[PDB]
Ligand SMILES: Cc1cc2nc3c(=O)[nH]c(=O)nc-3n(C[C@H](O)[C@H](O)[C@H](O)COP(=O)(O)OP(=O)(O)OC[C@H]3O[C@@H](n4cnc5c(N)ncnc54)[C@H](O)[C@@H]3O)c2cc1C
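Numbering (the authors' numbering), first residue to last: 7 to 32, 119 to 420, 435 to 1069.
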């Protein structure tokens, strides 16, 4: 039972509506352009004099270049400090994210200390004048909420500042801002009791709804603001109601609204309750002058928002302002009546306290304080593990796994779903081991735990899709070996294990030696889930006889490998006929054309280059700029110098250390330049061991130079300067790799050309090229980035590789065929393959498929034609079956003999009854090609995969939220 509830608003309702009607009684870029003023020009001082004379005070707010680095952050602060030295200026307002760039959401304690350390000179400037001018802390995003309130309350209780009247914004569209108001109102009572001065809250409804909904939909969270504007109008009245009392004399209030009903309410409440000296009204300078003057005569104090800017930042600042001003009379009086009634009934908990039902597992939310609380208490688990060195133990363990009988699809599905539940329960144990043993930050390790959970649920669904009624039958492998790397030490090992189980096989997990405790901690979830030693076996083999015995073992049906392409050739050399599916790094670029948003491009380039210190198969190693990209390079430099280098287990780290000191390749990338190149930012070695390296940026990296064609797997980004988009696309395509790639451009024709011409498995448009989410962006590369037939992990065809398919007897439905195909189909078998190709093409291969259907991001799964297929053997009928497939995809068939050469990463189809000659297998193992040696299937749903390259195209759909 809450003593703040009352009926004053109900009683004043009609004098309020009369008041609003009374005040209302007495293209766009042109307007905002004439309202932004030079922070140093005379125009501003004239407007301060003229408005002071008319009885107004001005809220001076400094706009400018996006605050991506400490350089520009110092600019906003020092330049705001200069305005507070101007005696005509009464009121400045600034945001935490303008004072600290790249505000790390996981380090609230450190962010607070940094903000206080940086803002004290500014508040001192307000103490050196009497009367003291006013500093307001603005709020835009939900992540600003607790750090800013904490900044406000700690700073204003320091002895130095105890008597300074200062202010802070609450956004009423956040339900939990009602709780923030109550805590701030108590804080003001605690402060007054200590002899301190009042605080002031500026009440706003909220200007960031668009990006707040995007932030939610991307992560699988509820939006932080209310779902409807009625709730916002209601909470605006509730917060006003609560705070405009004599009980809270120490909290002055700025009502910031052009809604005359909202303002008339605060006016009438202040008069009825005798708290007129706590009510200022804050409005937009120049927007509604006739209204604001009516308001002034009633309320007294009216404070006009006045945007100012540094000269160069003018056109930049006008665009920021255009979005804010765009996105934000009897049916007006009725919507107000309703908000008066809902005032006390609207929610007050934070929408982020729980999560909507989504398919993808949702990440940890550092906007919740309960999240930041367990992030402080993470542990350093040290599970025991054993090294396998005896080949006879590999043999004993392998045969023991084969003896367990196959589980049926229901049992596998139940185990996988349980495995995903249990992984979630140890998310914090996984974070503990990943941030110590693997050296990852929380921001990098936490989505990886989500990926590991998603693999279990996704591949569970896929396993059911194997028995879908159709024209072929799947038979799983008995045993798959998963050889995993260290950079993603939970999701990649588990993803291969889950895929094997879903297919019907037993799995051996052999984890990379740097991250053996990661595998052990993850294994405890599988065990809790019911996945015992008869199903999955963890084998820490060496890389000598026992490891080789495991990878070459006659009873291992496939290896899933993530690592160096030299490792894939090594393994296959030991058994060239082996099934191997390998993801093997990439040399990935982001193209930035003059039509790009330079700031969004910089944020995506630097985050893609430097997450996990660049230790990603998908990392952005190259940025290729077309022509002149303006502020891009300066901002990229500022953002890169601002990354905090340190160990992953330190909350303040925003770029972690390396897994071990650089090898030859990476040390070269860090220390030495090639001809004509220069360091825009030169990497520095920051500790004796050589694991902590600051990031670097090479300029003038030329096509075919060493850094263009060698993945260093470290914190090094190279800039190439291209004369045209067409040339930049040539350069992006000639790295030897084809894993990830992105373009930044707001020009639709450039994007369409890029979507068609770029040769990468994972394409991204106007966003980062890392962070692939299961089913949203199925992950896998072309060219040297992949070994095998190559279905994408986290895509619908991956499980189906872990076995073999055969044609079955079935009745084909009636579907029409174009006559060119029927000319080729001169057999029972060939007619059956012609028809099934048509159906598969209609069902799957000819469709661009967005499985997740997000509003803010288009995520497309499509098939691209394989250009050339090599054919080994002689069999006219089967060769005609391949001509049918090639006529439909456009692929070129090339007949291939023994000892005839073929390029690296080729696909070679085996036809006929003869074995494939061994030399072809041996050569394929050296240059990473794949000999497809199963029977030729009539069912194109299976056979056509040999003629297609899977591809994910992910495109941002919104322009700062608008879609
Ligand atoms: C002087 C001044 C200072 C300001 N300072 C800030 C600041 O520091 N931080 C900040 O975030 N904004 C700030 N604002 C903007 C404020 O938050 C509003 O966006 C704006 O003033 C318009 O709202 P309203 O009360 O005029 O009119 P209205 O038409 O009454 O209110 C519009 C508001 O309703 C809300 N809304 C509309 N549709 C929906 C929906 N479908 N679901 C949920 N909510 C919805 C939005 O918050 C929207 O802004 C400031 C505004 C002024 C005038």
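The beta carbon of each residue, even a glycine, is placed where N, CA and C say it ideally should be.
Problem - Presumed contact (8 Å Cβ cut-off) between residue 797 and residue 767, rounded CB distance - result: 6 Å
Problem - C-alpha gap between residue 51 and residue 691, whole angstroms - result: Inspection of the chain shows residue 32 followed directly by residue 119; residue 51 is thus not represented.
Practice task
Give me whichever residues DSSP pairs with residue 185 in a beta bridge.
Solution key: 153, 228
Exercise for the section: Identify the continuous beta strand (DSSP E) that holds residue 1054 and give its terminal residues. Expected result: 1054-1062
Problem - Reduced DSSP secondary structure (H/G/I, E/B, other) of residue 1067 - result: coil
Handout entry: beta strand (DSSP E) segments (min. 3 residues) lying fully within the region 237-286
Key = 258-263
Problem - the region 631-644 contacting the region 519-532, beta-carbon criterion three pairs below 8 Å - result: yes
Problem - Closest residue to residue 1049 among 996, 1028, 991, 589 (Cα-Cα distance) - result: 991
Exercise for the section: Express the C-alpha separation of residue 670 and residue 590 in angstroms, rounding to a whole number. Expected result: 11 Å
Handout entry: Simplified DSSP assignment, three categories, for residue 971
Key = strand
Handout entry: Cutoff 6 Å; reference residue 485; Cβ partners in own chain excluding five residues on either side
Key = 538
Problem - Simplified DSSP assignment, three categories, for residue 998 - result: strand
Handout entry: Limits of the unbroken alpha helix (DSSP H) element including residue 838
Key = 831-839
Practice task
Consult DSSP for residue 559 and reduce its assignment to one of helix, strand or coil.
Solution key: helix
Practice task
Give a yes or no on whether the C-beta atoms belonging to residue 153 and residue 190 are separated by under 7 Å.
Solution key: no
Practice task
Could you tell me if the beta carbon of residue 375 falls within a distance shorter than 6 Å of some heavy atom in ligand 1?
Solution key: yes
Handout entry: Per DSSP, cross-strand counterpart(s) of residue 582
Key = 909
Practice task
Could you tell me if the beta carbon of residue 438 falls within a distance shorter than 6 Å of some heavy atom in ligand 1?
Solution key: no
Problem - Alpha-carbon to alpha-carbon, residue 258 and residue 209 - result: 17 Å
Practice task
Taking residue 834 and residue 697 to be in contact with their CB atoms under 8 Å, please state how far apart those CB atoms are, rounded to whole angstroms.
Solution key: 5 Å
Exercise for the section: Rounded to whole angstroms, what's the CA-CA distance from residue 335 to residue 265? Just pull it up for me. Expected result: 17 Å
Practice task
Take residue 647 as the anchor and find which of 615, 1042, 628 has the nearest alpha-carbon.
Solution key: 615
Problem - Which listed residue (734, 148, 255) has its alpha carbon closest to that of residue 220 - result: 255
Practice task
Using 6 Å as the cut-off, classify the Cβ of residue 349 as near or not near the heavy atoms of ligand 1, replying yes or no.
Solution key: yes
Handout entry: Contact belief for residue 714 with residue 875 at Cβ below 8 Å, rounded distance in angstroms
Key = 5 Å
Problem - 7 Å Cβ shell around residue 859 - same chain, five flanking residues per side excluded - result: 831
Practice task
Starting from residue 487, follow its DSSP beta bridges and name the residues at the other end.
Solution key: Note: residue 487 sits in no beta bridge, so no partner.
Exercise for the section: Taking the CB atoms as reference points, tell me whether residue 981 and residue 1040 lie closer together than 7 Å. Expected result: no
Problem - Bridge partners - residue 399, DSSP secondary structure assignment - result: 153
Handout entry: Exposure label - residue 804; buried when at least 16 CB within 10 Å
Key = buried
Exercise for the section: Look at the Cβ atom of residue 888, then the Cβ atom of residue 1055, and state whether they are nearer than 7 Å. Expected result: yes
Exercise for the section: Determine the DSSP secondary structure at residue 375, reduced to helix, strand or coil. Expected result: strand
Handout entry: Straight-line gap, residue 122 to residue 343 (C-alpha atoms, nearest Å)
Key = 38 Å
Problem - Opening and closing residue of the beta strand (DSSP E) in which residue 954 lies - result: It is not in any beta strand (DSSP E) - residue 954 carries neither H nor E in the DSSP assignment.
Handout entry: Near ligand 1: residue 298 beta-carbon under 6 Å from a heavy atom
Key = yes
Practice task
Would you kindly check if the distance between the Cβ of residue 1015 and the Cβ of residue 1043 is under 7 Å?
Solution key: no
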